[PDB]
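Next up is one chain by itself, shown in structure tokens, the form deposited in one PDB entry.
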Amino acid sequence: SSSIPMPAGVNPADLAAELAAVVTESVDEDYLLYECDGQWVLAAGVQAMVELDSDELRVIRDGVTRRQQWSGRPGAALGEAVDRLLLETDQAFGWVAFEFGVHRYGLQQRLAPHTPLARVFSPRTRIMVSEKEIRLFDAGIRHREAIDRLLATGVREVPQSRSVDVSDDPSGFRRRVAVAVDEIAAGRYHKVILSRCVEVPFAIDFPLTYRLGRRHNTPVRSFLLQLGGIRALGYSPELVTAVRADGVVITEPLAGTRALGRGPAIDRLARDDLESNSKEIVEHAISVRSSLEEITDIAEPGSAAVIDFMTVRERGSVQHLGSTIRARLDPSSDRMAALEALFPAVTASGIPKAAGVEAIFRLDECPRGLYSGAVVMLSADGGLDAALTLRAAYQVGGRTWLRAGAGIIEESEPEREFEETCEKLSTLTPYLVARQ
């Protein structure tokens, strides 16, 4: 509801991130930038905030915090609070923790009090950036003036990045991998994704880092946020769930990994290896089966289908085997129920789910929080778009970190699994812009 023609030699990702940096800073506000199918949506300012925790639900608007106790499904509690936000505004944005998906698998009591499950907000203003134009939704005079100043200033040149060491293992990932391998060999579960955090020993400039890393990655979705004391950015390699206004539900499971970006002929050899490797084919097949079973739980009988099976999905520093699972949302179900059914992603949890999710509580640094959760965009028309939170950097308090994991199966070796985490961390490590 008002538009500005997109400038000549300006990329949408660069202008969207610059608007997020410069405009929100001049007004000192929180925001969330979400990239979805050629559109960069900047959700600027917080009109109301839904905070879902393990023990309480809070809705915060114009200084007033309303508290509620909730029981049963976290999805039903969040759904009720978000539908309310959406009666007022067209779109809501936020993040859903890994911990949101534990209730389905009987692990609710394992959550410590005040464990975040989700943060979803109604923005005061939305600025939508595409190749076509810049659209303004409910932008006030002060914001419009700040936008015009940004367009006249132009985009900042991105400085040289600063390197980070990913070779150290302070959290004993190699040790934790060996424990999971022993458990799988004993028949406890088939696969588990374990992870490790990597401390970034300097403050980074989130918008500039986002810009730099975006030039070198091909994610399904991307985000940049500053929300409630959390800064985060990511190049999501997978849609965990999308629910369209017409009832169509999609999930894009990934399983299997090879390095990418190492040179054309090297990348082709790795691509050919991935597509013919029995170990990778088996795991992908098993994951697509698990994913189909989950989507079946919320779909119209017999509406579930695999529309893309076992194809190479290129993701910057890595390439994965991917499938697309499509269904029709059953009338007895809803968008939150679909999210819960597909949560946490099989890709970043384990198989069987209940045993794999429980192994993560024992064998990984918990709560995972944003990592392996999702970044979400919800619409008043019933839409839900949820990007899997992998290939992301975070800043909370005075701490900046990266996080990456690997799929552990019976044949897994701690050394090769550690190397696999290095490949995934390389989606970001060469593009970290130091804060100036």
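One rule holds for the numbers: they count along the sequence shown, beginning at 1. Between two forms, the rigid core is defined as the largest C-alpha subset superposing within 1.5 Å.
What comes next is about the form deposited in another entry, which is not displayed.
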(request) With the core superposed, find the residue in 297, 199, 169, 365 that moves its CA 2 Å or more between the shown form and the other one. (result) 297
(message) My question is whether residue 186 is one of the residues whose C-alpha shifts by 2 Å or more between the shown form and the other one, given a fit on the rigid core.
(response) no
(request) Would you say whether residue 287 is displaced between the shown form and the other one, judging by a C-alpha shift of 2 Å or more on the superposed rigid core? (result) yes
(message) Given a superposition on the rigid core, I'd like a yes or no on whether residue 129 shifts its C-alpha by 2 Å or more between the shown form and the other one.
(response) no
(message) Can you confirm the direction of the Cα distance change for residue 422 and residue 255 in the other entry, closer or farther than in this form, given it is 3 Å or more?
(response) farther
(message) A 3 angstroms or greater change in CA distance between residue 96 and residue 256 is reported in the other entry. Closer or farther than in this form?
(response) closer
